[PDB]
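# Tertiary structure, described
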Amino acid sequence: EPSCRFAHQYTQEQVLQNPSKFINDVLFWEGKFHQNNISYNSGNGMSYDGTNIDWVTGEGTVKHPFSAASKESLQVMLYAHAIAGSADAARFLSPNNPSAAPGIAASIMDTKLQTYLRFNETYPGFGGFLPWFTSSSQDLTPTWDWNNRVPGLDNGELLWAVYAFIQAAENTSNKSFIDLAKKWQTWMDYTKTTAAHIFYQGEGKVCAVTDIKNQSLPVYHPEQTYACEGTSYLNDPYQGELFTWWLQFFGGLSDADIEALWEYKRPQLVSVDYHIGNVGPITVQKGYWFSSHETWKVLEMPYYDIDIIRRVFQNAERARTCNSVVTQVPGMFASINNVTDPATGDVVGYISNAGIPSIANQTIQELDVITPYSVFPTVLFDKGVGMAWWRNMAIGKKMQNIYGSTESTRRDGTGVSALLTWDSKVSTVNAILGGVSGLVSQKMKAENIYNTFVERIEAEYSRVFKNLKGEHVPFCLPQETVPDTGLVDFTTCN
Ligand SMILES: OC[C@H]1O[C@@H](O[C@H]2[C@H](O[C@H]3[C@H](O[C@H]4[C@H](O[C@@H]5[C@@H](O)[C@H](O)[C@@H](CO)O[C@H]5O)O[C@H](CO)[C@@H](O)[C@@H]4O)O[C@H](CO)[C@@H](O)[C@@H]3O)O[C@H](CO)[C@@H](O)[C@@H]2O)[C@H](O)[C@@H](O)[C@@H]1O
Ligand SMILES: *[C@@H]1O[C@H](CO)[C@@H](O)[C@H](O)[C@H]1NC(C)=O
Ligand SMILES: *[C@@H]1O[C@H](CO)[C@@H](O)[C@H](O)[C@H]1NC(C)=O
Ligand SMILES: *[C@@H]1O[C@H](CO)[C@@H](O)[C@H](O)[C@H]1NC(C)=O
Ligand SMILES: *[C@@H]1O[C@H](CO)[C@@H](O)[C@H](O)[C@H]1NC(C)=O
């Protein structure tokens, strides 16, 4: 039903008055991303990072033929809600026939597993984990750059997504869904046996990227070896923490090794106060850039069952929203693709360092480009405010298309990234669906690791975050619009 360019059909106040109505429109158009050659390969069930869309028409042109476990996690989390019978997930997957959404999820996940298993057989050295891969042909291959290299962070995201999906499928009592779930359990369970050998260097050090001697050799072939790539470790409270939990619960580590994990992580868990102009102080968890994407972990595990954690991450959104008002930005910041060069149709590069410098480890930041997916952590606390910010950015010229929101816009409105990715679009969708932490905590309780999670994570957070400031500071609403400098809406969405 809804117009492609629905964002400017609403006033901001109307989004706050009925978030659900607005969100219903959002999910419909975001769902159009879910098509073969746009977001995934229906032949092998594998995600693509995304695709370029034409500068003028806003139609799909040239896909990214590569992806990673990180995008798999976003896709799998969506399918977990879909197979559970979420009406919102059905709006995305199968709006014209919602009852079909579960079977669609089941079918793709079945095809997907087969591909995962063919990859494992051909490249047993990965030990059941996924590198960055090319998904444009029936069988997966590592991208050239990622031969014999595997990232802990992206896989940590995928593993808890699959964990959630298994639970959702089993919750249906549908026999074929349970059969599918058990095949995924087998895949997931295999990673438990290889995880420490591949990623755990010892003394609490976990490889960000593991270098594999030869990906064609089995994990325990006498010649196979695994070493951390340089000196980069998963030792911080961002997305990589999902993998820490994988090692702790399933890796076969000693109690001394588990204690070492948290000990080695502890110096990167830091309290700082955001305070600029009349906003703050607001006590937050110090970010890497304070890019929104750094908060990904709360989508996958029940961090917000712990009140101190819930309060610290609520403060994050006080700072995030109000930072953009006080610095007069018509959006918020996260790691994102840069603008398209209209002359070439190519994205000029990737902007990693986009966040909030004053509350960030990495203070040298590029803040000329804003993205709708920056709202995903806000959405978790307040759908209305989240969607108000989403709308403010989506109103920008070319910031909607026939596949939903566009990747990013310059905050001065002189350029746009004419691109679609899971990262910039379905991160928000998953936040709207409430993450998969519910499903995960169910299965964690059933497997009796829930209490350990709460105890450990409440201990670590309660130990550094005392005497929080700024908990009375309300979330801020957008006060500036994206300038119209002459860019013209896509001709298929205006
Ligand atoms: O899909 C979007 C876009 O991705 C482009 O790749 C980027 C990459 O983005 C990915 C990133 O995760 C990567 C990880 O970076 C770490 C940060 O996420 C983390 O917050 C930080 C602090 O702990 O530490 C960083 O090292 O590093 C790994 C490589 O060693 C990657 O395997 C991993 O994907 O964020 C998301 C994870 O939640 C990913 O979904 C996202 O793709 O970030 C790199 C560092 O900023 C950057 O150099 C790279 O260009 C990709 O090039 C582009 O084609 C895609 O459209
Ligand atoms: C992956 O391959 C290994 C070694 O070839 C095998 O033992 C393992 O069971 C496979 N993993 C899965 C989930 O099938
Ligand atoms: C990796 O192992 C495969 C499988 O035996 C072999 O064919 C290939 O030559 C090896 N590559 C290197 C660089 O040793
Ligand atoms: C993004 O593009 C702008 C030009 O629009 C350029 O000045 C900036 O350095 C670019 N940044 C990256 C990381 O590509
Ligand atoms: C960033 O984090 C590292 C690792 O904990 C720390 O040693 C360094 O001092 C931090 N730098 C800043 C500017 O926060």
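Residues numbered from 1 in each chain as written, not as in the entry; some residues may be left out. Chains lettered and ligands numbered in written order. Heavy atoms only, no water.

Deposited coordinates in this entry are attributed by the record to X-ray crystallography, at a stated resolution of 2.10 Å.

Around ligand 1, the surrounding shell holds 24 residues, and the nearest of these are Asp-49, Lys-71, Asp-154, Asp-236 and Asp-423. In the environment of ligand 1, an oxygen atom lies 3.3 Å from a nitrogen or oxygen atom belonging to the side chain of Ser-70. Here an oxygen atom of ligand 1 sits 2.7 Å away from a polar atom, N or O, in the side chain of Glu-157. Computed on the free molecule, ligand 1 has an accessible area of 930 Å², of which 77% lies beneath the protein chains in the complex. Among the detected pockets, ligand 1 sits in the largest pocket. Counting only elements with at least two residues in the shell around ligand 1, the list comes to helix 3 (69-84) and helix 6 (152-171). It is helix 6 that provides the largest number of residues to the shell around ligand 1, a total of 3 residues. Among the residues forming the shell around ligand 1, the class breakdown is 11 nonpolar, 6 polar and 7 charged. (Near = heavy atom within 4 Å. Polar contact = N/O pair within 3.5 Å; in protein donor to acceptor, adjacent residues only side chain to side chain. Areas by Shrake-Rupley, 256 points an atom, 1.4 Å probe, with all protein chains shown as cover. 1 Å grid on protein atoms, 1.4 Å probe; cavity = no way out; pocket = protein on both sides within 12 Å on 5 of 7 lines; lining within 4 Å. Sits in = over half its atoms within 2 Å of the grid points. Helix = DSSP H or I, 4+ residues; strand = E, 2+ residues; numbered from the N terminus. Nonpolar A, V, L, I, M, F, W, Y, C, P; charged D, E, K, R; others polar.)

Read across the sheet, 3 strands follow the order 8-11-12 without closing on themselves; strand pairing throughout is antiparallel. Both outer strands of the open sheet, strand 8 (149-151) and strand 12 (226-228), are each paired with one neighbouring strand and no more. On average, each strand axis in the sheet is inclined to that of its neighbour by 30 degrees, with strand direction left out of account. Where strand 8 meets strand 11 (residues 209-212), 3 bridges bridge the pair, whose relative direction is antiparallel. Residue pairing for strand 11: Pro-151 is matched across the bridge by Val-209. Across the sheet, helix 7 (residues 175-199) lies against strand 8, strand 11 and strand 12, angled at about 110 degrees from strand 8, the strand it touches most. (Pairing = 2+ DSSP bridges. Axes fitted to C-alpha atoms, helices over the stretch in contact; angles between N-to-C directions. Contact = heavy atoms within 4.5 Å.)

Our next topic: the side chain of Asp-423. Within the secondary structure, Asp-423 sits in helix 13 (residues 422-432). Look at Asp-423 and you get buried, because its relative accessible area is 15%. Polar contacts involving the side chain of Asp-423 include one to the side chain of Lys-71, which spans 2.7 Å. Beyond its immediate chain neighbours, meaning those up to four positions away, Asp-423 contacts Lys-71, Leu-74, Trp-296 and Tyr-373. (Buried < 20%, exposed > 50% of the residue type's maximum accessible area, 1.4 Å probe, protein only.)

Spanning 20 residues, helix 6 covers 29 Å between terminal C-alpha atoms, matching the ideal 28 Å at 1.5 Å per step. Judged by how many residues are buried, helix 6 sits mostly within the fold: 17 of 20 residues are covered. Phi for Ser-173, located one or two positions after helix 6, is positive at around 65 degrees. (Expected span 1.5 Å × (residues − 1).)

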